[PDB]
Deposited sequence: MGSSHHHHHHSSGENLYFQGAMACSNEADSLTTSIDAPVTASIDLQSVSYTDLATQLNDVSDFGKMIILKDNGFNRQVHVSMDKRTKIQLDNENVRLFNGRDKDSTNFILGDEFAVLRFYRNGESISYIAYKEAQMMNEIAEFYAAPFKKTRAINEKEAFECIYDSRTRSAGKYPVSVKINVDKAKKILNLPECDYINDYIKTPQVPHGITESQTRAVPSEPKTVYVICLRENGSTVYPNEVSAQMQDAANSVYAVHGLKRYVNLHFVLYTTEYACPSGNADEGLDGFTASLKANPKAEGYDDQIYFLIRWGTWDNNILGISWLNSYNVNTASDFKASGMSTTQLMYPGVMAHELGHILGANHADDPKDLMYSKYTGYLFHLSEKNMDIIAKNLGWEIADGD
């Protein structure tokens, strides 16, 4: 009997038991949903490392055709897959108090209004009572909640190895900000996978995300002023001494003035010349805006805004998570040590 996950009752223990059994060779897992099943071949993601306040977070992938990824920490697990182009997440926290808190947090925006189609956008999942997970379709949720259109308008400021190079992405929880591990990890996973999908870049780089708290807080709602202050705080921080050549993000749950989702120094990271904390940006981590860190990481690696409305780098926020621009893909890969003669 093939291993399975029942999406009508999926808990943290269910996801952890299955994902912890994934060996080097991968594992078939059936996702079961109202009598319809999806067989996914799950593998450990060996390219990316993540710590959130030193808590280890592991990533898992399906095959490209499976359009499925997982996240696993000691405290939470995530299953994220697509249906009719929409992003559906199952988020399960291990501790009952935290699972109850998370369920209330995600349910609260929907309680203000009373949608007739609320369950397809948001649903508390119970064991076959307190919730064991939540199901959120962020595309459907954004249509019900009628959120202000947060975009990427002026979200940037201008200024073959045998072993991939490790590049740390040092994320710093802004002073006074509260972020949720499932949300931060999802941004990190989408950011890393947007890079590996380009020109076989896992041969050149392995991204290592870490999360700490910083004393820095943006002095205003302005993203440009905030990024200026953030990069200045890194240069003056004794804790960052010796790491001026890594990538940095100031993260928060919310957004900046003019519904700016994030901002970064354009074309500020190159594997040979990285220095002076230039490769820095800021990003929201809220669930309803997947791919913001990926978009900002794209700018740091040199990607400009793209003309295809399905591109991660489109000037408007779309929810698409991959680079489609060949010009951007070449710029990003060249900044990470790739050359055309190396192929994909």
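Against the full deposited sequence, the model leaves out several stretches, namely 1-38, 167-172, 204-217.
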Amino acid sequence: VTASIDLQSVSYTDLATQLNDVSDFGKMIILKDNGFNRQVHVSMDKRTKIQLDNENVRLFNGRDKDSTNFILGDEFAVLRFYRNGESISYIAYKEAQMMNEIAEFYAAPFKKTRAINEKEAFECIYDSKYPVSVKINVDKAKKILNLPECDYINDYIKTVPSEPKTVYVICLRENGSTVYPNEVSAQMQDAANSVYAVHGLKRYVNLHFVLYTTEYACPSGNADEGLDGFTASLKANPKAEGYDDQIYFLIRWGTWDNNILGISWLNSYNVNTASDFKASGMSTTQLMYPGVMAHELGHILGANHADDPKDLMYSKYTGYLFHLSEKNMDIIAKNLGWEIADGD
From here on, numbers count along this sequence of modelled residues.
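Just so we're on the same page, rigid core means the largest C-alpha set that superposes within 1.5 Å between forms.
When the other structures are laid on the shown form by the core, the C-alphas of 78-86 and 186-194 differ in how far they drift in 5 other deposited structures of this protein; the larger average drift belongs to 78-86. Between 169-177 and 110-118, the larger mean CA deviation from the shown form in 5 other deposited structures of this protein, after core superposition, belongs to 110-118. Figure legend: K158 is marked as unmodelled in at least a third of the other comparable entries of the protein. Mean CA temperature factor is higher for 65-73 when stretches 65-73 and 49-57 are set side by side in the entry. The stretch with the higher mean CA B factor, choosing between 194-202 and 150-158, is 150-158. Out of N222, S177, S133, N259, the entry records its largest CA B-factor for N259. Considering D228, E183, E120, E95 together, the PDB entry gives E120 the largest C-alpha B factor. In this PDB entry, the Cα temperature factor of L234 sits in the middle third of its chain's modelled residues. Annotation for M28: CA B-factor lies in the middle third of the chain's modelled residues.
Among the modelled residues of its chain, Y248 has a C-alpha B-factor that falls in the lowest third according to the deposited record.
In this PDB entry, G319 carries a Cα temperature factor that places it within the highest third of its chain's modelled residues. Placement of the Cα temperature factor of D307 within the chain: highest third of the modelled residues, per the deposited record.
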